[PDB]
There are 2 protein chains.
Amino acid sequence: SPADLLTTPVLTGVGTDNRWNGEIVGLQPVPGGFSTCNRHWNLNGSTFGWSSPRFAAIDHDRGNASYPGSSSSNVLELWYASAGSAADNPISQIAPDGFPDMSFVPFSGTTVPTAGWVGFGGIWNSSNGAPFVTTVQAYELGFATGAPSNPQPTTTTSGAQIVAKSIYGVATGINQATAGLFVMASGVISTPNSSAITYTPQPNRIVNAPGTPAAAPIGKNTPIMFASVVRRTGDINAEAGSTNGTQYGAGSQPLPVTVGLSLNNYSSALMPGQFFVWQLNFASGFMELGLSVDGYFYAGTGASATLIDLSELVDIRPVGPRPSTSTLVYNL
Amino acid sequence: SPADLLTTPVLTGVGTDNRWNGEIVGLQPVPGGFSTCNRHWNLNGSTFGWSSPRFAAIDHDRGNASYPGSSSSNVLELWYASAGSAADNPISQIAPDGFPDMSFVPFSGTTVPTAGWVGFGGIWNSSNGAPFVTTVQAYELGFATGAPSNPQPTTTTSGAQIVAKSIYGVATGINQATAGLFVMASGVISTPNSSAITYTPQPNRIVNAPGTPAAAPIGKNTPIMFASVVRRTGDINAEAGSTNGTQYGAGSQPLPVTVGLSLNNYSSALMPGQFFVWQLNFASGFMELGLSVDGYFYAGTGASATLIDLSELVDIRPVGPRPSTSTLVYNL
Ligand SMILES: [Cl-]
């Protein structure tokens, strides 16, 4: 039984999302539908992604590193490689374990990109493993085509490039035909100013491998993402509330669910066309969440795009397998 | 019952240690004894530390930022504040949530400190939350006294300072009497060259709050730390089996145990003078692990300081409460 995949602490402040590793504080309905594969598991014990259910480091030993111009001081460092070149990754060769499933947002000069996945790290020497210490910075990572001259976002891994570019000037730029990338897997969201932006990533920014099943509305049941509070570059101190607006990152699954799914095969527990349902009991009222065999979560919220605050969630109780066509209860 | 705190995946490659968040691959006996409080819970639902059972970010909004002893090619950014000044931390005011429990290792020039806790981040503007983008780098963090003129290691929180110093040159130094620190909580170990060093931290480097209970041998039973493979600055690409040597970080508890202990009170389950015992079944042979009420783990390995490899661990079975004076079986 999948019942213990989702227990009360998973959604009441201990559980984190599988994209940003932020504490989950809300449920974000996606009436338009979405797809996610990276660090996403199904109930048949499998992933279409390239990442294990953890947040460690991103490591790739063979990419092209460069900076523009003839002055090496305070420059934007650019790193890129082909998708499918991650030979050292046992899960998938598509990308290094932990590389974010987000499309690259191009920028140059003094522009800081909006809604990029950003991580801290730098370039290192492919021949001996030594870091290029003058290249440490915050880097936006994403999938693109057209690097290095004109990188543009792409949402498919097939034929893509994996790109890292420092959003601020590094101490001294480095030009290497072959160089390593090392970036911490726990990301923040890039903003050019103190203002928060919409939940990130939006569905059209998510990068997916071929064959990734889509999450679509089933009747009045709508797929959701799990909203967490995520740091943003424009106002790094900002956390939940009051301070200049709240920034949400979103993930397809709670990481504890992803971990459990990765350790187990739940094929006997649930049939296709079924949800495993939990009841979420709030201080006043309650709602149901449903989990499909493809590993997507649903709510009975229909066309609504309004975020559901989990601040008053009290406990979670298993309901069991139900028809995916049965509208999930929403009494909030 | 605490039995489900330690299940097979916790020590067979999924569970991470509570200091470095690295995947646990070994058990490190500490015949000399040790103490740990940070991100360490007991069976009475309590911690003597200053950190929650998670790895996010380190944030303090009021420290002194400077860059003395710097050249134009090499500017080491220094941040420090008093221990006990972390007013925003609901757990403890000793230090910001996630600040490492390690004594500061002094360094200067281009010298890289040995066995330092290093994290990525930078300084930010206390008045508006904006990052000082020219200060992003890898920083060693630790407890010290004598900042800013002569920082020296300390292992007691009382009267201490919390210090961050970039191990590499930042793009541009920043002098502010009041400034913020922001560093990702997931750390790496500083090494001056490609070689691995001893497991980190050694017991004499660990910082502890007043009242922290010590782990000492009880008869033939010896306290252990949980060893994980941790990244090092000298060879950032190196992982398990590196021809430059394998680097271990160590933590007092597996993080899943710490999380479980933080969510429930197990005081009725175990009394002082008792271990909760699990049997670890390997491919050839087996051993017992014991957990005390203070949350420390023990093995019946006596004076041995030899690391126990978990690569051939097959499964874990709960045994139950046993007297701490009873020698834990070691049959490997
Ligand atoms: Cl804090």
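Residues numbered from 1 in each chain as written, not as in the entry; some residues may be left out. Chains lettered and ligands numbered in written order. Heavy atoms only, no water. Residues with missing side-chain atoms left out of burial classes, pairs and counts.

Visitor: Break down the overall build of chain A for me, with residues and values.
Guide: Counting its secondary structure elements, chain A contains two helices and 19 strands. The C-alpha atoms of chain A give a radius of gyration of 20 Å, which matches the 20 Å a tight globule of 332 residues would have. Its C-alpha atoms put chain A at 65 × 45 × 30 Å along the principal axes. Considering only contacts within chain A whose residues lie at least 6 apart along the sequence, 75% involve residues at least 24 apart. (Helix = DSSP H or I, 4+ residues; strand = E, 2+ residues; numbered from the N terminus. Rg over C-alpha atoms; globule rule 2.2 N^0.38 Å. Contact = heavy atoms within 4.5 Å.)

Visitor: So what about the interface of chain B and chain A? Which residues, and what values?
Guide: Taken together, the contact between chain B and chain A spans 35 residues of the former and 34 residues of the latter. A buried area of about 2700 Å², summed over both sides, lies between chain B and chain A, and 66% of it is on carbon and sulfur atoms. When the area that chain B buries against chain A is broken down by residue, the three leading residues are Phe120(B), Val136(B) and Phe182(B), summing to 19%. With its nearest N and O atoms 3.1 Å apart, the salt bridge here joins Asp59(B) to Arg231(A). Linking chain B with chain A are eight residue pairs in polar contact, by the criterion used here. Breaking the side of chain B that touches chain A down by element, the ones donating at least two residues are β4 (116-124), β5 (137-145), β8 (176-184) and α2 (255-263) of chain B. At three residues, the largest contribution of residues to the side of chain B that touches chain A is made by β4(B). Residue composition of the side of chain B that touches chain A, by class: 19 nonpolar, eleven polar and five charged. (Buried area = accessible area lost by both parts, 1.4 Å probe. Salt bridge = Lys/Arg side-chain N within 4 Å of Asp/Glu carboxyl O. Polar contact = N/O pair within 3.5 Å; in protein donor to acceptor, adjacent residues only side chain to side chain. Nonpolar A, V, L, I, M, F, W, Y, C, P; charged D, E, K, R; others polar.)

Visitor: If you had to explain the relation of the copies chain B and chain A to someone new, which residues and values would you point to?
Guide: Superposing chain B onto chain A takes a rotation of 180° plus a shift of 0.1 Å along the axis, which leaves an RMSD of 0.8 Å. Read as a symmetry element, the transformation amounts to a two-fold axis. Within chain B, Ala171(B) has its C-alpha nearest the rotation axis, a separation of 2.3 Å. (Least-squares fit on C-alpha atoms.)

Visitor: Could you give an account of the environment of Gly22(A), with specific residues and numbers?
Guide: Residue and element names in this part refer to chain A. Tracing the backbone through its elements, the reader meets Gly 22 in the loop between α1 (8-11) and β1 (24-29). Residues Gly 22 and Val 188, 166 residues apart in the sequence, show an inter-C-alpha distance of 9.7 Å. Sequence-distant contacts of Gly 22, that is, excluding residues within four places in its chain, are made with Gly 15, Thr 16, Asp 17, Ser 228 and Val 229.

Visitor: A description of the nonpolar core should follow, citing residues and the corresponding values.
Guide: Counting residues in hydrophobic clusters, the biggest one holds 42 residues, and the most contacted among them are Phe120(A), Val163(A), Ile167(A), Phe182(A), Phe120(B), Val163(B) and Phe182(B). Each residue touching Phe120(A), except ones within four places of it in the same chain, is listed here: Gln137(A), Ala138(A), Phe182(A), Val183(A), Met184(A), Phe120(B), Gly121(B), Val136(B), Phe182(B) and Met184(B). One finds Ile94(A), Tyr139(A), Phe143(A) and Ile174(A) within the second-largest nonpolar core, a separate group that totals 36 residues. (Core = buried A, V, L, I, M, F, W, Y, C linked by side-chain atoms within 4.5 Å. Buried < 20%, exposed > 50% of the residue type's maximum accessible area, 1.4 Å probe, protein only.)

Visitor: Mind laying out the pairing of strand β7 (residues 161-166) of chain B, listing which residues take part and the relevant values?
Guide: Residue and element names in this part refer to chain B. Extensive coverage of β7 is indicated by the burial of six of its six residues. Where burial is concerned, the two faces of β7 agree: the one with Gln 161, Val 163 and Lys 165 and the one with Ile 162, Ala 164 and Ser 166 are both buried. One ladder, built from five bridges, connects strand β3 (residues 78-82) with β7; its direction is antiparallel. When the bridges of β7 are listed, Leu 78 appears paired with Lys 165. Sheet topology places β5 next to β7; six bridges connect them, and they run antiparallel. The residue of β7 that forms the bridge with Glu 140 is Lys 165. (Pairing = 2+ DSSP bridges.)

Visitor: How would you summarise the environment of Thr301(A) if you had to cite specific residues and measurements?
Guide: All names here are of chain A. You can see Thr 301 is positioned in the loop between β16 (297-299) and β17 (308-309). Under the relative-accessibility criterion, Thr 301 is labelled buried at 15%. Separated by 119 residues in sequence, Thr 301 and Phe 182 place their C-alpha atoms 41 Å apart. With sequence-adjacent residues up to four places away left out, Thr 301 is seen in contact with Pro 29, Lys 220, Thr 222, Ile 308 and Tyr 330.

Geometric descriptors of this kind do not, in isolation, establish any biological role.
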